[PDB]
Amino acid sequence: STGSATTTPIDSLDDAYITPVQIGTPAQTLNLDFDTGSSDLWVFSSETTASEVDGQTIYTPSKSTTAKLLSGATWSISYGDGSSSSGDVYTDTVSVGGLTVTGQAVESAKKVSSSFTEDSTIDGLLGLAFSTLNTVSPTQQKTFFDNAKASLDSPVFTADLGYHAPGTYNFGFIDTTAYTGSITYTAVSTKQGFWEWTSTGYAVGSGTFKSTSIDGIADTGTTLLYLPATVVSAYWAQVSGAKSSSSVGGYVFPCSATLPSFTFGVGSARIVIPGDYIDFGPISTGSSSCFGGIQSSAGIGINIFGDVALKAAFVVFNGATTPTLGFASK
């Protein structure tokens, strides 16, 4: 089997991407944030505290003939950005782009933090990291991909995120028309539960490539590119007037600037992030200070190849017995 679904930016900045997902019988379609940095499929629901729902579409398990309470199971998750959610668990039928999993754990939120409430466009998350990170207790549950894997034509999924445009998540096949050149594969460590890999270096604009190992994670659920302070300083030094602002919470730059590209290495291959992908717009409405899309990972504890990086590539998440990651230009 295979599946193919379009993923759409939630706003004009590409802050996140939503993908329609069918849950239950008859189908209830919710727009979920596919997150390769976490491993829980959770949704706004009829159980979510009413004051914490503001415009989201909810899953109502009592209206699904295939829903079953997973008795005694609870979940609770906290994300790198400080947001959180928790609740109980159902199993139900879940379909993405025509690919169906029966008995998928659907984690129903009883509580969500303010950032989730305030984002009316995201109805929940669909985790695509390794199932070892799943938070369900006392019996850990499998991700949608883990459950689908054996049925797929090939044990892979791909992320093809758009810049200010829709893109695609495919399951079970590699669309050879969706990228240019060849796909370069690179080793993955699953020790921390992430799609963790080592970039071979970077360049800023038309500058020379610096060969240096940068360990980080491929994370579709993180907006920005978070890299070591040395690398980030080297980037922003090429933008007149750019500075790190403790009050704003990162590097800002004059909105009048033209940003240089940023290149990262994948083995001997190179992925180029155009400068415009690094512009996250005014820090507040009407400001002439703009927020940068490359930020320091210092104090996160891990480097994160988030959407800024991933949307410059066609990315293969290879879930073979020994997982790997592939990157192609597009």
# chains A, B, ... in the order shown; residues from 1 in each chain; ligands from 1
>>> residues_around(residues="residue 281 in chain A", least_positions_apart="3", cutoff="9 Å", atoms="only C-alpha atoms", output="PyMOL selection string")
chain A and resi 13+255+284+287-292
>>> residues_around(residues="residue 99 in chain A", least_positions_apart="6", cutoff="10 Å", atoms="only C-alpha atoms", output="list in words")
residues 1, 2, 3, 4, 5, 22, 148, 151, 152, 170, 171 and 172 of chain A
>>> write_last_selection(atoms="N, CA and C atoms", output="PDB file, in the first residue's frame")
ATOM      1  N   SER A   1       0.849  -1.220   0.000  1.00  0.00           N
ATOM      2  CA  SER A   1       0.000   0.000   0.000  1.00  0.00           C
ATOM      3  C   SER A   1       0.866   1.245   0.000  1.00  0.00           C
ATOM      4  N   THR A   2       0.235   2.362  -0.349  1.00  0.00           N
ATOM      5  CA  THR A   2       0.848   3.677  -0.271  1.00  0.00           C
ATOM      6  C   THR A   2      -0.200   4.696   0.184  1.00  0.00           C
ATOM      7  N   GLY A   3       0.277   5.870   0.579  1.00  0.00           N
ATOM      8  CA  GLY A   3      -0.574   7.023   0.798  1.00  0.00           C
ATOM      9  C   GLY A   3       0.105   8.292   0.308  1.00  0.00           C
ATOM     10  N   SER A   4      -0.686   9.308  -0.019  1.00  0.00           N
ATOM     11  CA  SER A   4      -0.151  10.577  -0.493  1.00  0.00           C
ATOM     12  C   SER A   4      -1.106  11.677  -0.079  1.00  0.00           C
ATOM     13  N   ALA A   5      -0.625  12.650   0.695  1.00  0.00           N
ATOM     14  CA  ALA A   5      -1.469  13.740   1.182  1.00  0.00           C
ATOM     15  C   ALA A   5      -0.758  15.065   1.006  1.00  0.00           C
ATOM     16  N   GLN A  22      -8.073  11.414   8.228  1.00  0.00           N
ATOM     17  CA  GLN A  22      -9.390  10.843   8.491  1.00  0.00           C
ATOM     18  C   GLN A  22      -9.315   9.921   9.704  1.00  0.00           C
ATOM     19  N   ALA A 148       1.830   1.268  10.024  1.00  0.00           N
ATOM     20  CA  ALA A 148       1.623   1.087   8.590  1.00  0.00           C
ATOM     21  C   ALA A 148       2.745   0.329   7.898  1.00  0.00           C
ATOM     22  N   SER A 151       2.837  -2.943   5.828  1.00  0.00           N
ATOM     23  CA  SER A 151       1.888  -2.992   4.719  1.00  0.00           C
ATOM     24  C   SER A 151       2.344  -2.149   3.536  1.00  0.00           C
ATOM     25  N   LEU A 152       3.274  -1.237   3.777  1.00  0.00           N
ATOM     26  CA  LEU A 152       3.734  -0.324   2.740  1.00  0.00           C
ATOM     27  C   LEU A 152       4.547  -1.030   1.665  1.00  0.00           C
ATOM     28  N   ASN A 170       4.309  11.648   1.426  1.00  0.00           N
ATOM     29  CA  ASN A 170       4.031  10.350   0.814  1.00  0.00           C
ATOM     30  C   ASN A 170       4.467   9.246   1.759  1.00  0.00           C
ATOM     31  N   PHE A 171       3.702   8.158   1.746  1.00  0.00           N
ATOM     32  CA  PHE A 171       4.006   6.964   2.527  1.00  0.00           C
ATOM     33  C   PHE A 171       4.136   5.769   1.600  1.00  0.00           C
ATOM     34  N   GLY A 172       5.258   5.059   1.700  1.00  0.00           N
ATOM     35  CA  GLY A 172       5.413   3.787   1.023  1.00  0.00           C
ATOM     36  C   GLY A 172       6.070   3.824  -0.339  1.00  0.00           C
TER      37      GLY A 172
END
>>> closest_residue(among="A:10, A:217, A:156, A:67", to="residue 120 in chain A", atoms="only C-alpha atoms")
A:10
>>> residues_around(residues="residue 239 in chain A", least_positions_apart="2", cutoff="12 Å", atoms="only C-alpha atoms", output="MDAnalysis selection string")
chainID A and resid 204:205 232:237 241:244 251:261 275 278:279 290 292
>>> residues_around(residues="residue 32 in chain A", least_positions_apart="5", cutoff="7 Å", atoms="only C-alpha atoms", output="number ranges by chain")
A: 18-21, 122-126
>>> residues_around(residues="residue 323 in chain A", least_positions_apart="4", cutoff="12 Å", atoms="only C-alpha atoms", output="PDB file with C-alpha atoms, in the first residue's frame")
ATOM      1  CA  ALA A 129       9.702  10.034  15.218  1.00  0.00           C
ATOM      2  CA  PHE A 130      10.514   6.609  16.682  1.00  0.00           C
ATOM      3  CA  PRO A 155       9.143   1.114   4.521  1.00  0.00           C
ATOM      4  CA  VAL A 156       9.559   4.843   3.937  1.00  0.00           C
ATOM      5  CA  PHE A 157       7.835   8.166   4.062  1.00  0.00           C
ATOM      6  CA  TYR A 185      21.470   8.992   2.022  1.00  0.00           C
ATOM      7  CA  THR A 186      23.111   9.460   5.392  1.00  0.00           C
ATOM      8  CA  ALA A 187      23.242   7.466   8.632  1.00  0.00           C
ATOM      9  CA  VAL A 188      20.701   7.852  11.429  1.00  0.00           C
ATOM     10  CA  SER A 189      21.067   7.291  15.155  1.00  0.00           C
ATOM     11  CA  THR A 190      17.847   6.297  16.883  1.00  0.00           C
ATOM     12  CA  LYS A 191      19.445   6.438  20.354  1.00  0.00           C
ATOM     13  CA  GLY A 193      14.308   8.475  19.465  1.00  0.00           C
ATOM     14  CA  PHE A 194      14.795  11.071  16.719  1.00  0.00           C
ATOM     15  CA  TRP A 195      15.779  11.053  13.061  1.00  0.00           C
ATOM     16  CA  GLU A 196      19.239  12.133  14.193  1.00  0.00           C
ATOM     17  CA  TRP A 197      22.012  12.518  11.629  1.00  0.00           C
ATOM     18  CA  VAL A 316      13.313  10.538   2.654  1.00  0.00           C
ATOM     19  CA  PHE A 317      12.673   9.034   6.080  1.00  0.00           C
ATOM     20  CA  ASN A 318      13.803   5.446   5.495  1.00  0.00           C
ATOM     21  CA  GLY A 319      12.394   3.147   8.165  1.00  0.00           C
TER      22      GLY A 319
END
>>> select_by_dssp(residues="range 1-222 of chain A", states="alpha helix (DSSP H)", output="list in words")
residues 114, 115, 116, 117, 144, 145, 146, 147 and 148 of chain A
>>> closest_atom_pairs(of="range 106-186 of chain A", to="range 51-57 of chain A", cutoff="12 Å", atoms="only C-alpha atoms", output="Markdown table")
| residue | atom | partner | partner_atom | distance |
| --- | --- | --- | --- | --- |
| A:109 | CA | A:52 | CA | 10.1 |
| A:110 | CA | A:52 | CA | 9.2 |
| A:111 | CA | A:52 | CA | 7.2 |
| A:112 | CA | A:52 | CA | 6.6 |
| A:113 | CA | A:52 | CA | 7.7 |
| A:114 | CA | A:52 | CA | 7.3 |
| A:115 | CA | A:52 | CA | 9.9 |
| A:116 | CA | A:52 | CA | 8.3 |
| A:117 | CA | A:52 | CA | 5.3 |
| A:118 | CA | A:54 | CA | 6.8 |
| A:119 | CA | A:54 | CA | 7.9 |
| A:120 | CA | A:55 | CA | 4.9 |
| A:121 | CA | A:56 | CA | 6.4 |
| A:122 | CA | A:56 | CA | 6.7 |
| A:123 | CA | A:56 | CA | 5.4 |
| A:124 | CA | A:56 | CA | 8.8 |
>>> atom_distance(atom1="CA of residue 26 in chain A", atom2="CA of residue 65 in chain A")
7.5 Å
>>> residues_around(residues="residue 75 in chain A", least_positions_apart="5", cutoff="10 Å", atoms="only C-alpha atoms", output="PyMOL selection string")
chain A and resi 40+42+85-89+107-110+134-138+140
>>> closest_residue(among="A:297, A:212, A:91, A:177", to="residue 227 in chain A", atoms="only C-alpha atoms")
A:297
>>> residues_around(residues="residue 203 in chain A", least_positions_apart="4", cutoff="9 Å", atoms="only C-alpha atoms", output="PyMOL selection string")
chain A and resi 207-211+235+261-265+272
>>> closest_residue(among="A:326, A:143, A:308, A:23", to="residue 179 in chain A", atoms="only C-alpha atoms")
A:326
>>> atom_distance(atom1="CA of residue 132 in chain A", atom2="CA of residue 224 in chain A")
24.6 Å
>>> select_by_dssp(residues="range 124-291 of chain A", states="strand (DSSP E or B)", output="PyMOL selection string")
chain A and resi 124-127+137+156-160+167-171+184-187+189+196-204+210-218+225-227+243-245+250-254+262-266+269-273+279-282+289-291
>>> atom_distance(atom1="CA of residue 58 in chain A", atom2="CA of residue 46 in chain A")
6.2 Å
>>> closest_residue(among="A:300, A:30, A:174, A:266", to="residue 202 in chain A", atoms="only C-alpha atoms")
A:266
